[PDB]
Amino acid sequence: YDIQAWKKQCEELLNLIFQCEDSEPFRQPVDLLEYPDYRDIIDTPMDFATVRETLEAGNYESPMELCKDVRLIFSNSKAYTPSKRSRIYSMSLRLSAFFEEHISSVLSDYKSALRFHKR
Ligand SMILES: Cc1nc2ccccc2n1CCC(N)=O
């Protein structure tokens, strides 16, 4: 029932994500010199360094907000990919599966703790 436990749990999951080779295309903002039309397709860029910095600044109130930004990294990759078989998009799908598998208990524990707080 610890309402604050999600933050360190998210920090540890982000550390695992940064160790994953599949996260390399998503660690830093997409470079416009490499992908000149990126901002014609993607309105809201997101990357794992931005998520980590937002968490560390104390700018997430809940793990749901962090989850929304991580999911935006994956939806941006899906929207930008020229093919559903592209290398970077394929890496995004594996990384998304790994993230969803691990974030599930973080979200459940937070929501349960909050329900207990408001009982
Ligand atoms: C984030 C992303 N998703 C893509 C899907 C397909 C092709 C490129 C893609 N990028 C950019 C890779 C980078 N510039 O770091």
Side-chain angles (χ1 to χ4, degrees), residues 1-7 9-119:
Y1 308 130
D2 183 338
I3 299 164
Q4 283 91 48
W6 65 279
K7 183 169 182 182
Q9 289 162 1
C10 287
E11 291 168 359
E12 292 174 4
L13 178 52
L14 286 170
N15 289 343
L16 292 174
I17 289 170
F18 272 87
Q19 299 179 189
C20 286
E21 288 176 11
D22 281 341
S23 72
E24 200 283 336
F26 314 103
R27 291 171 195 167
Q28 299 292 323
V30 173
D31 186 342
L32 283 166
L33 214 270
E34 297 173 1
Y35 300 104
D37 61 341
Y38 193 71
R39 299 300 303 278
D40 302 343
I41 301 163
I42 302 302
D43 285 318
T44 307
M46 190 51 59
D47 64 274
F48 285 109
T50 298
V51 173
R52 178 183 267 163
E53 177 181 327
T54 298
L55 184 65
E56 177 72 8
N59 288 355
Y60 286 129
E61 185 180 12
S62 71
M64 298 82 77
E65 292 179 349
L66 178 142
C67 191
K68 175 173 159 172
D69 285 347
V70 173
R71 288 169 176 175
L72 179 60
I73 297 174
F74 303 132
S75 59
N76 283 346
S77 184
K78 189 174 188 174
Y80 191 66
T81 193
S83 168
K84 286 182 175 195
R85 297 179 57 215
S86 82
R87 177 76 195 272
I88 294 170
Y89 174 68
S90 72
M91 290 165 81
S92 86
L93 296 178
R94 290 191 298 264
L95 194 65
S96 170
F98 176 78
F99 174 75
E100 292 298 330
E101 178 175 289
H102 286 71
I103 207 59
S104 182
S105 58
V106 179
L107 296 165
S108 293
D109 288 356
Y110 175 78
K111 296 177 181 176
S112 159
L114 210 60
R115 285 192 297 265
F116 191 75
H117 189 70
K118 302 170 192 313
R119 76 203 186 274

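Numbering of residues begins at 1 and proceeds along the displayed sequence.
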Full working for side-chain hydrogen bond (donor to acceptor under 3.5 Å, both in side chains) between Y38 and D31
CA-CA 8 Å; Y38 193 71; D31 186 342; over 6 Å; no
To check you understand the geometry: which heavy-atom pair defines the closest contact between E56 and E11, and what is its length?
OE1-OE2, 4.2 Å
Are the side chains of [Y] and [X] in contact, using a 4.5 Å heavy-atom criterion?
X: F26; Y: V70; answer: no
X: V30; Y: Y80; answer: no
X: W6; Y: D109; answer: no
X: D22; Y: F98; answer: no
X: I103; Y: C10; answer: yes
X: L66; Y: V51; answer: yes
X: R71; Y: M46; answer: no

About how many Å separate [atom2] of [Y] and [atom1] of [X], when rounded to the nearest 0.5 Å?
X: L55; Y: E65; atom1: CG; atom2: CD; result: 10.5 Å
X: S77; Y: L72; atom1: OG; atom2: CG; result: 11.0 Å
X: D2; Y: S112; atom1: CG; atom2: OG; result: 11.0 Å

Has the side chain of [X] got a donor or acceptor atom that lies under 3.5 Å from a matching backbone atom of [Y]?
X: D47; Y: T50; value: yes
X: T81; Y: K78; value: no
X: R39; Y: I42; value: yes
X: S108; Y: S105; value: no
X: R119; Y: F116; value: yes
X: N76; Y: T44; value: yes

Joint cluster assignment, [X] & [Y], ILVMFWY side-chain distance < 4.5 Å:
X: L95; Y: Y89; value: no
X: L93; Y: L16; value: no
X: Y1; Y: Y110; value: no

Is the count of non-hydrogen atoms from other residues, nucleotides or ligands lying under 6.0 Å from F18 atom CZ greater than 12?
yes
